[PDB]
Structures are given as structure tokens and as C-alpha cells.
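**Q** Below is the structure I would like to discuss, written out as C-alpha cells.
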Amino acid sequence: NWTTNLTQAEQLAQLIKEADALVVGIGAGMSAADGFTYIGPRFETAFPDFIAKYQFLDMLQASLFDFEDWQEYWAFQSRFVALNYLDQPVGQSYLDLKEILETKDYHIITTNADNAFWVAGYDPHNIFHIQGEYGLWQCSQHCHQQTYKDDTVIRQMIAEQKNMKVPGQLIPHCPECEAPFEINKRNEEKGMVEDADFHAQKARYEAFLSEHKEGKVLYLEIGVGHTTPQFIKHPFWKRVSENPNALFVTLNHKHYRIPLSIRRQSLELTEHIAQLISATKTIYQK
Ligand SMILES: [Zn+2]
């Protein structure tokens with residue numbers, strides 16, 4: 001039962017059923033498993049101009065790049081926001097996971113910033129977007145702690161850009177200091193704008209953790225890579241260490257070495273995330 005000859009799906013369905021609570025951490029692998037990829041034809045088709053100019057390898061590298069000027073920044077980012085936030089369709093793995101989680105006491109933390117939880121109909125009170133969202137903007141000088149949005153301006157930038165530049169008059173500026181807006185994103189050097197809504201999410205996530213310091217708590221980590229381990233992977237390892245009755249189950253095909261203090265509490269499930277979540281749902285619902 002509560003331990004880390006069954007298939008991966010069978011094992012995962014058994015653990016979720018037996019769990020007292022789930023703390024679910026979701027990264028980029030879950031969206032890639034549903035087809036929302038950041039390398040290969042999806043990127044090449046969407047950004048052939050930028051790829052030819054800069055030799056970008058992938059769409060995540062491109063989204064972090066320090067572009068030539070704000071006209072170029074917004075030409076790239078407007079198209080990036082439409083692809084990954086305004087028009088990205090619902091993912092089946094998100095729907096399948098939701099059907100499982102709605103039977104459980106759970107909370108989600110994600111380093112993703114796409115629309116996936118919203119088009120799949122998740123309750124925003126149960127999700128912490130710790131790395132912001134592509135649909136939001138912040139002052140580029142971080143001059144005050146408020147986020148903004150304007151999807152109509154995004155569509156105008158897509159329609160009116162030419163030659164990798166938005167017209168200068170379309171660039172949006174902060175009302176407080178007149179610096180250009182930028183996408184709400186976290187930088188190592190500058191941090192992120194963290195407004196009232198961000199803190200309300202963080203408080204809900206911290207309250208759920210405080211209620212589940214004991215018991216059969218399943219720390220379920222889905223598609224979380226190496227990029228920013230301080231937000232999900234490392235804190236999950238620490239929570240599992242601190243609660244000897246917790247379990248760490250990671251859906252991943254890279255075999256990151258688990259800390260000694262959680263070796264007896266850890267399981268790696270390597271099967272393709274979409275197919276694994278689908279198979280687990282079918283077992284779980286009977
Ligand atoms: Zn400002």
C-alpha cells in the first residue's frame with residue numbers, strides 16, 4: 001500500500017488513493033507531454049525570423065533573451081503570449097489529472113506560466129503560480145508591486161509588427177515611472193513583481209503546507225527539470241525528509257540523484273507523462 005508487481009500506472013493510482021493529501025508540483029514537462037513544446041517544429045514554425053537572426057535553439061532560451069530594443073522585445077513576446085497563453089488549447093493530461101485531484105485534499109505549485117490550468121478549468125484558489133503568468137505584465141524597473149494586463153494590445157502588436165519590430169507607439173509604459181512594461185517574469189538578479197494576488201496565492205499554499213506537516217502526504221512532482229530547482233524540487237525533497245510518513249513520487253525520465261535522507265521515501269516513474277496520467281485515471285476511477 002503506502003510504500004515506494006505493478007505497472008507504473010497501477011502503482012501511482014494506489015498511492016494517490018491511499019494518500020491523506022497531495023502536494024503537487026508541476027513543471028514544463030507536463031505541458032510538453034500535451035504537445036505544448038518549446039523545441040522542434042512548434043518553435044520553428046512560430047519564430048522563423050527570430051531563429052534566423054539569433055540562432056535560438058529553443059523557445060525558452062528565446063523568451064529570456066535580452067532583445068535589441070523594446071520594439072523587438074514586444075514583437076517576440078506578443079507572439080509568444082498568443083501561442084502559449086491566449087490561444088493555447090486545453091491539454092488532455094491537465095483534464096485527466098484534474099479528475100483525479102478533485103477527489104483529494106490537494107494544492108498545486110507550478111513554475112509554468114502558460115494558460116494550461118485555466119483552459120482545463122482548475123480552481124485558482126488551489127494553484128500557486130510562483131513564476132508568474134505570461135498573460136500579466138510588470139514595470140520593467142519593478143517600481144511598484146502591481147501587475148497589469150491587456151490582451152487587446154497583445155493582438156495589436158501581433159497584427160502591426162513588421163520586420164521583428166512593433167511600432168514604438170504601441171509599446172506599453174508603466175503609469176508610475178514611465179518605464180516600458182515587460183512580461184511578469186522572475187529574474188535571478190531582479191526578482192519578480194509580486195502583487196497582492198501573488199501573496200494571496202503564496203499564503204494559501206503555505207497554509208496548506210502547515211496543515212500537512214504530518215501524515216501520508218504525497219509530494220507528486222510532474223515534469224520538473226533542472227532549471228530552477230529552488231522552487232519545487234528542492235523544497236519537496238526537504239518536506240519529505242522532515243515527514244517520515246511522506247512520499248516523493250517524481251514523473252520524470254532524468255534520474256536526478258535523490259538525497260540520502262529520502263531514498264526510502266522516493267519513487268521515479270519514467271513513462272511518458274500524458275500516457276501515464278491517462279492510464280492512472282482509468283485505474284483510479286474504478
Ligand atoms: Zn514603473
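Residue names in the C-alpha cells use chain letters A, B, ... in the order shown, residue numbers from 1 in each chain, and ligand numbers from 1 in the order shown.
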Can you pull out every residue within 12 Å of residue A:80, counting only C-alpha atoms, but drop anything in the same chain fewer than 3 positions away, and send it as a PyMOL selection string?
**A** chain A and resi 38+42-43+46-47+50+59-60+62-64+73-77+83-88+113-114+134-135+154-155+157-158+183
**Q** Please, which residues have at least one atom within 12 Å of an atom of ligand 1, using only C-alpha atoms and all ligand atoms, listed as a short mmCIF file (atom, residue, chain, number, x, y, z; two decimals) with N, CA and C atoms, in the first residue's frame?
**A**
```cif
data_model
loop_
_atom_site.label_atom_id
_atom_site.label_comp_id
_atom_site.auth_asym_id
_atom_site.auth_seq_id
_atom_site.Cartn_x
_atom_site.Cartn_y
_atom_site.Cartn_z
N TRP A 137 1.71 41.62 -16.98
CA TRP A 137 2.83 42.50 -17.21
C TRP A 137 3.28 43.10 -15.87
N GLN A 138 4.54 43.49 -15.82
CA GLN A 138 5.08 44.24 -14.67
C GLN A 138 5.93 45.40 -15.16
N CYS A 139 6.04 46.47 -14.35
CA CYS A 139 7.02 47.50 -14.64
C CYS A 139 8.42 46.93 -14.81
N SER A 140 9.14 47.29 -15.88
CA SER A 140 10.47 46.75 -16.10
C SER A 140 11.55 47.23 -15.09
N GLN A 141 11.25 48.33 -14.37
CA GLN A 141 12.05 48.78 -13.24
C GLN A 141 11.50 48.33 -11.90
N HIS A 142 10.43 47.52 -11.92
CA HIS A 142 9.83 46.93 -10.70
C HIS A 142 9.48 48.06 -9.71
N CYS A 143 8.95 49.17 -10.20
CA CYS A 143 8.88 50.38 -9.35
C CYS A 143 7.77 50.31 -8.32
N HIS A 144 6.78 49.45 -8.57
CA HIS A 144 5.72 49.21 -7.62
C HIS A 144 5.18 47.78 -7.81
N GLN A 145 4.56 47.23 -6.77
CA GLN A 145 4.19 45.80 -6.75
C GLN A 145 2.74 45.62 -7.21
N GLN A 146 2.55 45.75 -8.53
CA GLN A 146 1.26 45.54 -9.15
C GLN A 146 1.46 44.98 -10.54
N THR A 147 0.62 44.01 -10.93
CA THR A 147 0.63 43.51 -12.30
C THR A 147 -0.53 44.06 -13.10
N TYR A 148 -0.36 44.02 -14.42
CA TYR A 148 -1.30 44.61 -15.35
C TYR A 148 -1.54 43.62 -16.49
N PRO A 172 3.78 49.54 -24.37
CA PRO A 172 3.09 50.00 -23.18
C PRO A 172 4.08 50.45 -22.11
N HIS A 173 3.72 51.52 -21.38
CA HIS A 173 4.57 52.04 -20.29
C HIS A 173 3.88 52.09 -18.92
N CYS A 174 4.67 51.90 -17.89
CA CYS A 174 4.24 51.95 -16.52
C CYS A 174 3.66 53.31 -16.22
N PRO A 175 2.47 53.36 -15.59
CA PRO A 175 1.87 54.66 -15.22
C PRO A 175 2.63 55.40 -14.12
N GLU A 176 3.38 54.68 -13.29
CA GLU A 176 4.07 55.29 -12.17
C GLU A 176 5.43 55.90 -12.52
N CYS A 177 6.19 55.31 -13.44
CA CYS A 177 7.53 55.79 -13.68
C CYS A 177 7.89 55.95 -15.17
N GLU A 178 6.96 55.55 -16.03
CA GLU A 178 7.06 55.62 -17.49
C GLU A 178 8.08 54.65 -18.12
N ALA A 179 8.63 53.72 -17.34
CA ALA A 179 9.48 52.67 -17.92
C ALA A 179 8.59 51.73 -18.75
N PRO A 180 9.16 51.14 -19.81
CA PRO A 180 8.32 50.12 -20.53
C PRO A 180 7.83 49.02 -19.56
N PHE A 181 6.61 48.53 -19.78
CA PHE A 181 6.19 47.26 -19.21
C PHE A 181 7.00 46.13 -19.86
N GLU A 182 7.08 45.01 -19.12
CA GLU A 182 7.61 43.75 -19.59
C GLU A 182 6.67 42.62 -19.10
N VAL A 193 8.01 41.09 -9.80
CA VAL A 193 6.94 41.82 -9.16
C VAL A 193 5.95 40.80 -8.58
#
```
**Q** So that I can check the secondary structure, give me every residue of stretch 97-212 of chain A assigned helix (DSSP H, G or I) by backbone DSSP, as a ChimeraX atom specification.
**A** /A:97-101,116-119,124-126,151-160,168-170,196-211
**Q** Write out as a list in words which residues come within 6 Å of stretch 121-132 of chain A when counting only C-alpha atoms, dropping same-chain ones fewer than 2 positions away.
**A**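 Near neighbours after the sequence-gap exclusion: residues 107, 108, 109, 110, 111, 113, 117, 118, 119, 184, 185, 186 and 201 of chain A.
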**Q** Can you work out which one of A:282, A:208, A:197, A:105 has the shortest atom-to-atom distance to residue A:133, counting only C-alpha atoms?
**A**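 Using only C-alpha atoms, the shortest distance to residue A:133 belongs to A:197.
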